[PDB]
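*Asks:* 492 is the number of the first residue of the first sequence in the UniProt record's numbering; add one for each residue after it.
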Amino acid sequence: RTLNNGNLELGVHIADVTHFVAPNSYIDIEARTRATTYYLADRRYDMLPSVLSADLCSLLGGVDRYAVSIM
RNA sequence: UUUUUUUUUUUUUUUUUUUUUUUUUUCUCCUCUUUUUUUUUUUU
Numbered sequence: 492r493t494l495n496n497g498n499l500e501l502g503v504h505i506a507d508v509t510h511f512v513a514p515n516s517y518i519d520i521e522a523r524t525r526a527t528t529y530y531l532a533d534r535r536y537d538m539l540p541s542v543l544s545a546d547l548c549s550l551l552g553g554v555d556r557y558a559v560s561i562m
């Protein structure tokens, strides 16, 4: 955007998913095992269960969503 | 005018017992060919 002066503030905003993976959890060991999401060209393969992020983490609609905005 | 006699459905009951899925074979065996092995990168 522009501020009350005229210059161009820059910022990139990445989703802050750290609140649903606690250390030494079961989701955390799971992620530690499945290091990388694998993709074959029909479907994806969710690292998480299939509604924890595929409604609650995706920026859709205009509902509230925890994030991290560097600025 | 035709009297009298020739037995019948085996007797018995008031005996103890401390095991256990199955069960027993078949041999050694020539994997064909552009490669070192590619790899950052970004959009899920």
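The C-beta atom is built at its ideal place from N, Cα and C for all residues, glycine as well.
Taking 8 Å as the cut-off, decide whether the C-beta atoms of residue 574 and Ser560 are in contact.
*Replies:* In the structure as shown, the chain begins at 492 and stops at 562. Residue 574 is therefore absent and cannot be evaluated.
*Asks:* Looking at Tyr557: is its Cβ nearer than 8 Å to the Cβ of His510?
*Replies:* Stepping through the first sequence from its first residue, residue 557 is reached at position 66. Stepping through the first sequence from its first residue, residue 510 is reached at position 19. Contact flag set, yes.
*Asks:* What residues in its chain sit with their C-beta under 7 Å from that of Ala522, if we drop five residues either side in the sequence?
*Replies:* What you label residue 522 is simply residue 31 of the first sequence in a count that begins at 1. Cβ neighbours of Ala522 beyond the five flanking positions: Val512, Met538.
*Asks:* DSSP state of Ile518, grouped into three classes?
*Replies:* As a first step, residue 518 is located in the first sequence; it is residue number 27 there, counting from the start. Of the three classes helix, strand and coil, the one that applies to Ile518 here is helix, per DSSP.
*Asks:* Given a cut-off of 8 Å on the beta-carbon distance, is the pair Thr528 and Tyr536 in contact?
*Replies:* Here the question's residue 528 lines up with position 37 in the first sequence. Here the question's residue 536 lines up with position 45 in the first sequence. The answer is yes: Cβ separation under 8 Å.
*Asks:* May I ask you to report which of helix, strand or coil DSSP gives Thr493?
*Replies:* What you label residue 493 is simply residue 2 of the first sequence in a count that begins at 1. Strand.
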